[PDB]
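Here the structure comes first, spelled out in structure tokens, and everything after it is commentary.
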There are 4 protein chains.
Amino acid sequence: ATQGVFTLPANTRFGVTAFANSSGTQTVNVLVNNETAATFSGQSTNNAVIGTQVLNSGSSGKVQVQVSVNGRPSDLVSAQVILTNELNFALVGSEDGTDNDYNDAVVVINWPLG
Amino acid sequence: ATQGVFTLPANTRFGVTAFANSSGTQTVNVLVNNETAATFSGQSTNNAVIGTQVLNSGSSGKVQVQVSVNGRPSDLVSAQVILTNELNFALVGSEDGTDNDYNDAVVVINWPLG
Amino acid sequence: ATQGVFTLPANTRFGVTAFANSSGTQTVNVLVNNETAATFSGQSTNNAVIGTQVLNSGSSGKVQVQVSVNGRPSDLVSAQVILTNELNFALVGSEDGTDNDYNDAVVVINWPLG
Amino acid sequence: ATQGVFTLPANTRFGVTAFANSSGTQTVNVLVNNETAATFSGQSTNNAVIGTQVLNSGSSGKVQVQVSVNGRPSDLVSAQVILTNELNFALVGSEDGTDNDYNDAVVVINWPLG
Ligand SMILES: [C]OC(=O)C1=N[N]N([C]2O[C]([C][O])[C](O[C]3O[C]([C])[C]([O])[C]([O])[C]3[O])[C]([O])[C]2[N]C([C])=O)=[C]1
Ligand SMILES: [C]OC(=O)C1=N[N]N([C]2O[C]([C][O])[C](O[C]3O[C]([C])[C]([O])[C]([O])[C]3[O])[C]([O])[C]2[N]C([C])=O)=[C]1
Ligand SMILES: [C]OC(=O)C1=N[N]N([C]2O[C]([C][O])[C](O[C]3O[C]([C])[C]([O])[C]([O])[C]3[O])[C]([O])[C]2[N]C([C])=O)=[C]1
Ligand SMILES: C[C@@H]1O[C@@H](O)[C@@H](O)[C@H](O)[C@@H]1O
Ligand SMILES: [Ca+2]
Ligand SMILES: [Ca+2]
Ligand SMILES: [Ca+2]
Ligand SMILES: [Ca+2]
Ligand SMILES: [Ca+2]
Ligand SMILES: [Ca+2]
Ligand SMILES: [Ca+2]
Ligand SMILES: [Ca+2]
């Protein structure tokens, strides 16, 4: 199944934050309406924050996370969770190798803000 | 029900990251085995990362998040989600007022690392 | 924090199914737009299905689950989880006593149907 | 990533319940420690509860859900969510065709029981 794709409420600000846990340099692209809206990159084996930004979901609300390492897309896993019918998390893990820890880039999207 | 309390695997590193979305200064305390192990404070209405840290869950695995604004405890919500039977997120929202957006401090705990 | 309240897309059919795990008889009420739409009753300590039904979320999309045991409101826990940006679960547990297993009535709402 | 595989508490009873939403007849197989422990089947476009059973997770706790329609494996999506650090849901969706509603067989595993 498709992973890393989320429909947010239209025209809504959201946070996006990426963490790295791998030998390899992670590039995380955040798409809004099928165009790149932000790109983060970095390398850490200690969960460093490699980027964080506030974006608008735009007219369609379609947000997609893609991760590439060493020139190839990582395999993604994702889900959305909503707490007390108010607080939204869109969560992404990714695997760049063979160990299947799925933490090589971890991406957290949260909304609403403010 | 109790919120903001999670049992992690023992002696395991985890990440903890706090975001703020309120006019009030947030104080986030992260307790491991009932003792404060990290503290973050700050004011943002735009999802600032008021702190991120790597901690060790220690012998007990017990991790608790508390949030307050100038000493008044915020009301918490929380849950844990596991992706592909491997990747863990422990999620906390908090409310410091009456609007019930539950984003006033947001805390994400993730493991494994590395 | 309020629990057991979910906003569904408007005018959408959804399933609601309840299970019991308690010596007490569980009564589960399901409200749509603040009006009772289904009621299930039963007793089991073996996870029996005490009711299942299909409802429509109507113009507001507001769905609420309440649980009581001999008229005493149970404390609730809840969350919503969306897989592949398509499949929705609204999940409720409830506690009628002191052991805090929160399984005394378990309610699963799922959509879309069909 | 692998989907539909969950590590449960060892030696512990859990509920497993399947719902159908497709023109195709669903077959759901539940494996405990790699051996078939339950099979459910039916055909509904209105969320029929085609099976529900209590199983024991056995010595290893490994539980796997597979879904097929007329002998062809469906694509699976899954996650586990934990409420108040104790109430667990392992969730599976599946797709037998091209519309990507992932509801064609829906499986919910819940524990603890009793
Ligand atoms: C006098 O005293 C004081 O200072 C005050 N008053 N009122 N207030 C309020 O509070 C609240 C709670 O905290 C707040 O809210 C917050 O923030 C906002 C922005 C949002 O975010 C929400 O959500 C939160 O909760 C408000 O703001 C305030 N107001 C004013 C006017 O300040 C305080
Ligand atoms: C006379 O009075 C009466 O009835 C009583 N007492 N006590 N009790 C109790 O309660 C409780 C609460 O509800 C119960 O718990 C329940 O169930 C069980 C089995 C389990 O499940 C739990 O979790 C729940 O919560 C109990 O059982 C009882 N006990 C007796 C002996 O009965 C009542
Ligand atoms: C002749 O051939 C046959 O058999 C067929 N064709 N087409 N089909 C289709 O398929 C599909 C897949 O499976 C189906 O889908 C299902 O169901 C529906 C109702 C819904 O639920 C969905 O989601 C699912 O997936 C369809 O139905 C069909 N169509 C017709 C018309 O049949 C088969
Ligand atoms: C240090 C290692 O780097 C890459 O091989 C990752 O895929 C592994 O998960 C691990 O983080
Ligand atoms: Ca890896
Ligand atoms: Ca890694
Ligand atoms: Ca607030
Ligand atoms: Ca706020
Ligand atoms: Ca109980
Ligand atoms: Ca019980
Ligand atoms: Ca389908
Ligand atoms: Ca279907």
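In what follows, chains carry the letters A, B, and so on, assigned in the order in which the sequence lines appear, proteins first and then strands, with residues in each chain numbered from 1.
Contacts from residues 87-114 of chain A to chain D, taken as heavy-atom pairs separated by less than 4.5 Å, involve A:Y102 in sequence order. Near-neighbour residues of residues 22-48 of chain D relative to chain A, defined by a heavy atom under 4.5 Å from a heavy atom of that chain, are none. Residues of residues 65-78 of chain A that come within less than 4.5 angstrom of chain D, heavy atom to heavy atom, are A:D75, A:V77 in numerical order. The contact list for residues 1-15 of chain D toward chain A, using heavy atoms and a distance under 4.5 Å, reads D:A1, D:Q3 by residue number.
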